[PDB]
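In what follows, every heavy atom counts, from backbone to side chain, and hydrogens, waters and symmetry copies are set aside. Each residue takes its place number in the sequence, starting with 1.
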Amino acid sequence: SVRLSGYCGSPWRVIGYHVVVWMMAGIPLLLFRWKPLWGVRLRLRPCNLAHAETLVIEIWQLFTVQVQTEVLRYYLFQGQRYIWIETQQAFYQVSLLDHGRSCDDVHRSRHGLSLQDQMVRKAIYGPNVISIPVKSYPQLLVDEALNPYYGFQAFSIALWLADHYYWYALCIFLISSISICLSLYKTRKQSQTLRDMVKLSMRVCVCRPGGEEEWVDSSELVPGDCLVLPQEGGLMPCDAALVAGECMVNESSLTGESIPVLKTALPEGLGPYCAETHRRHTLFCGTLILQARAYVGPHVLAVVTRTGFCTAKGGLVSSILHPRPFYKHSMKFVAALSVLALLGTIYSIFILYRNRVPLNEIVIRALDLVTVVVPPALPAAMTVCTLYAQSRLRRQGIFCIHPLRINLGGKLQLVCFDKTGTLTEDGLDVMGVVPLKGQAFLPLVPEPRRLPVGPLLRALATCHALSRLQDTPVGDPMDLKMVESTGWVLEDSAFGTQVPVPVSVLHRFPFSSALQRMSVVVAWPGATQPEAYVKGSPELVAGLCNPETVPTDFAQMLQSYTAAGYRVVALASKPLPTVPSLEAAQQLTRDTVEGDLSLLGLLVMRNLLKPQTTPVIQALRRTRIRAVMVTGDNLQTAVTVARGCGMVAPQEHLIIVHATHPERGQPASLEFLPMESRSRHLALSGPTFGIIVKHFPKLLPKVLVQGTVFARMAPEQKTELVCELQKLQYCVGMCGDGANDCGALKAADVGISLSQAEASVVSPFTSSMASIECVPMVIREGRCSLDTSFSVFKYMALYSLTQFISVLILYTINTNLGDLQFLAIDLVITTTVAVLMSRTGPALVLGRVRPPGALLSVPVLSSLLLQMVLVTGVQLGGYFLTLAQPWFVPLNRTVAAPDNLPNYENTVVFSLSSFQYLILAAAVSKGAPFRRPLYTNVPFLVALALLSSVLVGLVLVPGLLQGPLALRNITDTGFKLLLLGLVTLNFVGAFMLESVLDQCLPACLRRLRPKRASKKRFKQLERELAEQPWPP
Ligand SMILES: CC(C)CCC[C@@H](C)[C@H]1CC[C@H]2[C@@H]3CC=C4C[C@@H](OC(=O)CCC(=O)O)CC[C@]4(C)[C@H]3CC[C@]12C
Ligand code: BEF
Ligand SMILES: [Mg+2]
């Protein structure tokens, strides 16, 4: 149930709300976004539903919808339109206005719709368009750009402004704002580009009363219009009901079925028309018409029934506009960092109190804990990392309007694949022709054009009812595919060879839905007599041939072909004793030519795998990523595609699970059907999955773990399957191209859309090519992005702790680092490094091992502690080595910083730490397995080299920036070379530590604490099934 609350508005109250939400703070905007009821109570006063300009909809979950007007008030909730009915005082959806009208009403609507009625119904129903509104820059900002670390950055900016660091807070604010605005611009431009490649309209012909017609746009279509369908077919603009002629539709975009569907004219009657009862007669929006043929009249008419979001495709894409729910692994890491930073802050407060500095300085340093935990350039570094990942994906043709979900691509353990249009082509392609030699079959010939010039070749070429329209063959889709395969050229009719004799059709018997076959009579120069061909259903066509021409294994071979989802159509022929002339061959009755045939062969049609599918599936199976086929097609085609695709290896068992509906007196039962030709896969249909979910809730986890083929699977069942897999703690990806996959793509963690319609403009990922090559690309980019994010976080931690240790060592001496030294270290070094280190691309190939999913790892913490030990050792060694020199004179301990600068202690500590900030940057930037080698990042190499050169110039060149940076000029060149030597030892030690840890720590962890269990539910289920398989 839902409740609609009305809220009118007043100008003074609106301006008051605006000023109190803008001039006061930005916090009220986010608070109102968290709870819209407070915002609507503050801005809008309660009113009556008949006078409301606003509705609050809870279904509780609260949505605020404005009440638009066209004296026709309405509102749009998740796409659906709810007009305000003025006689019953409610907002009734427009979907309910055509309810109850019968088939006679639909047939009376075949004379078009008058213009005045057209405008009335366009006001009522709106445009015939599935339009998803663009997210504005504020909403895009909140959902994408902001991070919880920007709150820390805002607090630190407030702290800086409190302690009067204007040229530092301003620079940090500029960097963060530029990163945020550039990311918003990139995401907005990608969304606009996605929505510019979707064609929301066509030029459709509509009947108009009075015998006239008019070519209107596809958006002017309203329920009641009578479309005139073109004979060449094309995409369907809306949901209609055939009232004249019949169509041949390819509904693979809505249902996933690859076999073309024959839609027939709606039958006249008093019963109410229903899109489910009369689905055999309805044309659905988004489906492709392959052939529109009319018996009576010169046009194929289809009365429009639903337009816009009330269509089937509109209903499918409307269910994903419902809002439903990345940093939790990093907040634990920053809390672990905060423990160390708090210990250091306690030490700093104690050692500053011993120095008797003002208490305000002490409390400012205490509050500096937040800046220590979250560095100033951490949010900017993360935003730039996501920007680099998004740009790298876009340069490959993949649109990512949710850059925060790129890291989820590196966590994927399972990928669900649609079959029709994603793994295979949309329709049926010619598998081959099976000739006959003597009395028995011959091996299948994949290319019928390679056949000799015999009866079978001419039967494949000429036995059809094709026509020429705009220099292209127009007719039955299977006939089109057969003639394309045979290579012959269409020009009663004449056919020229692909490069023999051009045979000419002398007569043609039309294809009938009762006889399930068609016949032609052809002749060619140099022949003794005409030759009549027959093409149709193999079972009944073979019933016309001679018993000595049909092989004894005909039924077995037909069963073998039709058990794999193939569309077999038989061909037959017979020499005709008729004279080769049109005076007699045009008067031949069908019954004489249909009898005493000779089976020439079979023509196998199959749903063809795309060439880019098998390598990708084998690649995913090599890296131990589960491949699951989630299709709306039948079980035989799905199983055949899985077996020939790589999801099921030829040596791996496949089990069909068949759930029986519980009838009266019996309960639901599961029976498993093992077939011939993870080593144990499960195949099951949609109804079987639905019965297993509700009647066998304990066996559902085992089905989900072992199942690999899910056929006849409804869109709601697809998204339910994705959700159930995610309940097993899977990270489920999904690749789809149809409207049936929208719910699965939205519910999945990484949903890549191959669609060219409005389903793509709201998907996280959208590939520009119609293959699944994007899936390995997305996974590689996700692994690279996860590795880069972990490297950035580790570098920020190492930086913060290095600077904190340096500052503590200086505080113990009653010294500080220095304002301009702080500015150099942060802005010039760490901001540059964090920006340019996120630029390294993904590795060329996928790997078996995934990147770690948590920042609190024994490897990560151990590496951080060892690098900190090395850094602290180097800095303290430099300090205690400066303290043992003849030229060294101690600082003036009486005065405090920054007045005791320049001195030797600060100079040495800054000299060592500045090199450490680059060493710890080159160290955490790891390449393989998940990233390219470091040296491929030319900007980052150049930045590191230039900064190292600058720091070596500071160390060695006498008088270079020793004044600005408040450094002290050292005259002992031996000490300068010894400091450089300490820097080199730190460099080699950091790299050796990283290599030794990365190569020997997992082995040490395995040997010390043997992890004999896992917490992921699917892994425990896999262990349990390995110990005891569920189907014995
Ligand atoms: C207050 C005064 C006296 C101090 C001046 C300090 C500047 C030298 C700092 C401030 C911000 C720093 C910048 C911070 C960010 C970057 C990003 C980086 O450029 C890119 O990000 C391009 C990325 C690509 O190659 O695609 C180059 C270094 C740079 C400009 C830094 C160069 C040094 C800058 C200009
Ligand atoms: F397009 Be899929 F087979 F649902
Ligand atoms: Mg599809």
Side-chain angles (χ1 to χ4, degrees), residues 344 347-348 351-352 355 798-830 867-923 947-990:
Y347 172 71
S348 76
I351 207 66
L352 282 175
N355 300 337
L798 288 176
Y799 155 71
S800 276
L801 296 171
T802 301
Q803 200 184 47
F804 201 42
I805 286 158
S806 162
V807 167
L808 289 177
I809 294 167
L810 290 187
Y811 281 176
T812 307
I813 313 165
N814 186 35
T815 317
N816 205 334
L817 200 60
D819 313 292
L820 187 61
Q821 312 190 15
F822 269 128
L823 294 174
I825 285 171
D826 305 350
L827 277 297
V828 185
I829 291 182
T830 69
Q867 304 277 51
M868 276 314 154
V869 163
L870 171 59
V871 162
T872 300
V874 160
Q875 289 196 51
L876 277 163
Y879 174 50
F880 293 138
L881 167 74
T882 317
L883 264 49
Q885 300 290 328
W887 57 257
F888 173 80
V889 60
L891 73 165
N892 160 266
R893 296 292 299 274
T894 66
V895 187
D899 295 319
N900 50 4
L901 274 71
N903 60 6
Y904 283 139
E905 288 95 340
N906 186 284
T907 292
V908 172
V909 169
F910 171 77
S911 170
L912 300 158
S913 59
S914 65
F915 281 109
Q916 288 170 351
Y917 300 125
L918 303 174
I919 294 166
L920 297 178
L947 293 168
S948 299
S949 296
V950 164
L951 298 173
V952 173
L954 294 174
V955 173
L956 287 179
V957 173
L960 188 66
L961 282 72
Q962 65 97 30
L965 289 173
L967 301 178
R968 202 159 173 172
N969 196 2
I970 293 174
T971 62
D972 197 2
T973 180
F975 195 80
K976 288 165 166 178
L977 305 177
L978 186 87
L979 290 185
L980 290 181
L982 268 188
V983 164
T984 72
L985 314 176
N986 175 33
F987 182 76
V988 298

Verdict with reasoning, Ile825 to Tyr799, per side chain to side chain contact (heavy atoms under 4.5 Å, CB included): CA-CA 10 Å; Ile825 285 171; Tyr799 155 71; 4.1 Å; yes

Donor-acceptor contact present, side-chain [X] to main-chain [Y], <3.5 Å:
X: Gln962; Y: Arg968; value: no
X: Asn355; Y: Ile351; value: yes
X: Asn906; Y: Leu817; value: yes
X: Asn986; Y: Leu870; value: no
X: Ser914; Y: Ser911; value: yes

Where is the tightest heavy-atom contact between [X] and [Y], given as atom of each residue plus distance?
X: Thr882; Y: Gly878; answer: OG1-O, 2.5 Å
X: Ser348; Y: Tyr811; answer: CB-CD1, 4.4 Å
X: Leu891; Y: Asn814; answer: CD1-O, 4.2 Å
X: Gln875; Y: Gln916; answer: NE2-OE1, 2.8 Å

Whether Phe888 and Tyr904 hold their rings parallel, tilted or perpendicular, with breakpoints at 30° and 60°: tilted

Pair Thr812-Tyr347, side-chain donor/acceptor within less than 3.5 Å: yes

Among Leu920, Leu798, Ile919, the one residue meeting side chain to side chain contact (heavy atoms under 4.5 Å, CB included) with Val871: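 For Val871, the side chain to side chain contact (heavy atoms under 4.5 Å, CB included) test succeeds with only one of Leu920, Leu798, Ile919, which is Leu920.
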
Separation of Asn903 CG from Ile813 CD1 (nearest 0.5 Å): 8.0 Å

CG-CD1 distance between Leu876 and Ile805, expressed to the nearest 0.5 angstrom: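 Interatomic distance, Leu876 CG to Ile805 CD1, rounded to 0.5 Å: 8.5 Å.
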
